[PDB]
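Colleague: Below is one structure. I have some questions about it.
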Number of protein chains: 2
Amino acid sequence: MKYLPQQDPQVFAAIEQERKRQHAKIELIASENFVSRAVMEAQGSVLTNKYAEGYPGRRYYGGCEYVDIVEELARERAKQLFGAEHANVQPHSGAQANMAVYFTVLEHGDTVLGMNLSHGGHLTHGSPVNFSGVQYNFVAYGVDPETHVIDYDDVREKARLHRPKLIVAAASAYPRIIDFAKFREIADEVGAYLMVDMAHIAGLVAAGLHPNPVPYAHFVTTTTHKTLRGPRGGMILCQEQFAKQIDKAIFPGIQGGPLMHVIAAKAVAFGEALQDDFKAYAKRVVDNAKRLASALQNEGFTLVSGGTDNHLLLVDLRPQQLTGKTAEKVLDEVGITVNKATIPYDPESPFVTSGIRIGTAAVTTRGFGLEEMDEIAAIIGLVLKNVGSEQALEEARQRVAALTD
Amino acid sequence: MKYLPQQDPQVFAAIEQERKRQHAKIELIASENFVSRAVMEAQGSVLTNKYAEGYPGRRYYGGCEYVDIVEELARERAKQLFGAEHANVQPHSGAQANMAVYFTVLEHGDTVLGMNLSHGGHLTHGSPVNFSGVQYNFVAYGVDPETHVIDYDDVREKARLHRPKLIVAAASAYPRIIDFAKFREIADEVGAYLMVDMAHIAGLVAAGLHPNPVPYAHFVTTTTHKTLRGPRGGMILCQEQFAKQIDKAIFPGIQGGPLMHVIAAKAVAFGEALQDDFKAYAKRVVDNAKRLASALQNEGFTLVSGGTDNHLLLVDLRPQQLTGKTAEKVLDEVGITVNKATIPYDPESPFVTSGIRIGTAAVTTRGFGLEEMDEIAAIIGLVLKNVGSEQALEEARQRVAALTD
């Protein structure tokens, strides 16, 4: 940076702290990643100055010729990446992408069937303190209490009983492959739309390491900042038959001016994802997650569903008589960042929990491999088996530092 | 830029076109401005990598110590700038800022009273194709058909008749000072909340050139990218008594992860606005708008309300037998960017219109003054009085080029 240090010493100092923090810690938040310098440059461009309500070639402001090129690059590369008939790259966030789809096909009070929030479902999949659960009548399907895999007979029974207008598949904390074919079959049975929220798994889908929801879903929503490794924002994919309706839902429905600089950054991230090396990266994410899972089991930890098919895993800490809150706190003390997480049929509140959620997307981006996964698991074991030993915690601290250089 | 040119030639070429476009054109879109290099650097920072759901010191993710500092700088500087008891700097946009306030105090189907959309009111103030008009029952107050000033007796009558739960004041195309005291008096009479959407005038308010709505309104919403000259986004100001409710409306109500890099950029923009030179700038914006108004009248143009008290003006093109659409198109041909705009009691559709909307915030930022205002008015006169003369249009083109260097 050149201008920020002089203009705003306070903001610059805080940003610099954050930058150094991102290098020093072992970042295991499943939803996080590190974007490229190109992506950041796009976000830091003069495109923030441009009002561009509407869509390419159909704007409500003149002078959009070039931001049109940018948005179209984003849309076309997204369509290449996922094989979708239509893309809307304007959603400000995952929240707004989901909001727009709901706005398109539902009226206030309509019944929607989503994943149980304590079993992996997201806040925007029906929380009663979120717009989703306040605006619409959400019911939930669950995972099997033993396997922790989605119970498709439960999905089917809930759908047949409650007759939702929309079924939502996908999750913020589900460590196994989702069967989109079965979701569509159930949706077809009850005459419901199917929406898939692939936010967490979007990069994996792009790399062919998770089945693609696009052929099975009427709508696919996603964020651009998780496994897709792009800027912070949302996107909607859909068949051509819903394109007009989806576009109208975003604008003039639920948003105004799009963030053209962020859309530029989306285009850049999609360009990166189209490359062979992104596919290799995504494989290492999944490989690393399996390795970390196995290594954690070797340390004596129980994992939700007994492992992982994707980028993320959940540790069930009940055998160690620890809460997720306690584990999160102590791992923070040694420089390892995780989330506390509710496990299926968790006896604890969502504010305490019996689990931690871990993902490998971020550490994989920084070049961590299988050996690093073994060491991360060993450090977690050292810490969680010795929460009362300051010497153990200091050793962990030193081993964390050794990993991050 | 260093990394974008190599990584993504296509995106870089389009951004470069846009940058050069921003220099070449006379940008008169009332809602636009040019942000500083510091603001852009903040947006282009690694803060995009950080999930920070929740609020400073009360996050749902660890490792937020430094992004907390950034958000708090934004909130505290906003409170300094506007004298508000509470700020929420998380809204992704003006749309979401407004959405959050509505979510806080209204239930589905509640009556809201806003400014007539063809008289200056915004899309999010009750359009039937926007969430506002679909989710809530909007009624409208109008301006006087002769003076084009808000008819406060009409505000009062509509409020007393329809008994709204919320009254919205403020506008996307109102060229005069709004009387917030009178709005609060009417709101008090009918037991309604008052929300002021100061998006357009926020920079002017910060510089003491427009009365501050904060003391009169229960909620004040704004964008950060118009006269405030910040990054693209939203903000809500309110009294302490609504702070918890407003914060909960943004999260977990209507959004997820905030854009921490954009929040950094907001902090920077607020820092700039706190400086003496921003106050001088804002005065020049208003001075330039008055000068441009007077110069346009000298050219024989009729202005909505007969002039301006702020950054923007509307030309009523009916005396010239031109539509706003025609004027917008031909001005585009010579390198002047305006919007077509509905005038009060416009005989034309909102897609054709009888007016153009012009603002001086952007040209003032690039250093234009009173002499430049005279020339801009003279060029507009030359063009709009000679729409069929290619030689006149080429002369205009050359005079536009002379202004932008």
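Ordering of the structure tokens sets the chain letters (A, B, ...), residue numbers begin anew at 1 in every chain, and ligands are numbered from 1 in the order given.
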Residues of chain B within 7 Å of chain A, counting only C-alpha atoms - could you list those as an NGL selection string?
Modeller: :B and (1 or 3-4 or 7-8 or 11 or 14 or 17-19 or 32-35 or 37-38 or 40-41 or 43-46 or 48-51 or 61-62 or 66 or 69-70 or 92 or 95 or 129-131 or 231-232 or 252-256 or 259 or 264 or 268 or 337 or 339)
Colleague: Taking the DSSP secondary structure from the backbone, can you list the residues of range 3-184 of chain A that are strand (DSSP E), as a PyMOL selection string?
Modeller: chain A and resi 26-27+54-55+58-59+86-88+111-115+137-141+166-169
Colleague: Can you pull out the residues contacting residue 291 in chain A? Cut-off 8 Å, using only C-alpha atoms, and skip same-chain residues under 3 positions away; I want them as a list in words.
Modeller: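 The filter keeps residues 287, 288, 294, 295, 370, 373 and 374 of chain A.
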Colleague: Write the residues you've just listed into a file as a tab-separated table (two decimals), in the first residue's frame, and include N, CA, C and O atoms for each of them.
Modeller:
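In the end it all went to again.tsv:
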chain	number	residue	atom	x	y	z
A	287	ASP	N	-8.01	-34.21	-0.12
A	287	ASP	CA	-6.98	-35.14	0.37
A	287	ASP	C	-6.54	-34.77	1.79
A	287	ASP	O	-6.44	-35.64	2.66
A	288	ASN	N	-6.28	-33.47	2.00
A	288	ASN	CA	-5.85	-32.95	3.30
A	288	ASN	C	-6.90	-33.13	4.38
A	288	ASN	O	-6.57	-33.48	5.51
A	294	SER	N	-8.37	-38.71	9.45
A	294	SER	CA	-7.69	-39.95	9.86
A	294	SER	C	-6.69	-39.70	10.99
A	294	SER	O	-6.64	-40.47	11.97
A	295	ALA	N	-5.89	-38.64	10.86
A	295	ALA	CA	-4.91	-38.29	11.89
A	295	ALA	C	-5.58	-37.93	13.23
A	295	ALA	O	-5.08	-38.31	14.29
A	370	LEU	N	-0.01	-33.26	3.44
A	370	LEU	CA	-0.34	-34.39	4.31
A	370	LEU	C	0.45	-34.41	5.62
A	370	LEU	O	-0.10	-34.69	6.68
A	373	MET	N	-0.89	-31.91	7.89
A	373	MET	CA	-2.15	-32.41	8.46
A	373	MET	C	-1.90	-33.30	9.69
A	373	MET	O	-2.55	-33.12	10.72
A	374	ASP	N	-0.95	-34.22	9.57
A	374	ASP	CA	-0.54	-35.07	10.70
A	374	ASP	C	-0.13	-34.25	11.91
A	374	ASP	O	-0.53	-34.54	13.05
Colleague: Would you pick out the contacts of residue 236 in chain A at 7 Å or less, using only C-alpha atoms, so that residues sharing its chain but fewer than 2 positions from it are not included, and give the list as a PyMOL selection string?
Modeller: chain A and resi 87-89+97+220-222+238
Colleague: Please provide the set of residues having any atom within 12 Å of residue 213 in chain A, restricted to only C-alpha atoms, with same-chain residues fewer than 6 positions apart removed, written as a count of residues only.
Modeller: 32
Colleague: Using only C-alpha atoms for the distances, tell me which of A:191, A:203, A:300, A:120 is nearest to residue 270 in chain A.
Modeller: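 Ranking A:191, A:203, A:300, A:120 by distance to residue 270 in chain A, first place goes to A:203.
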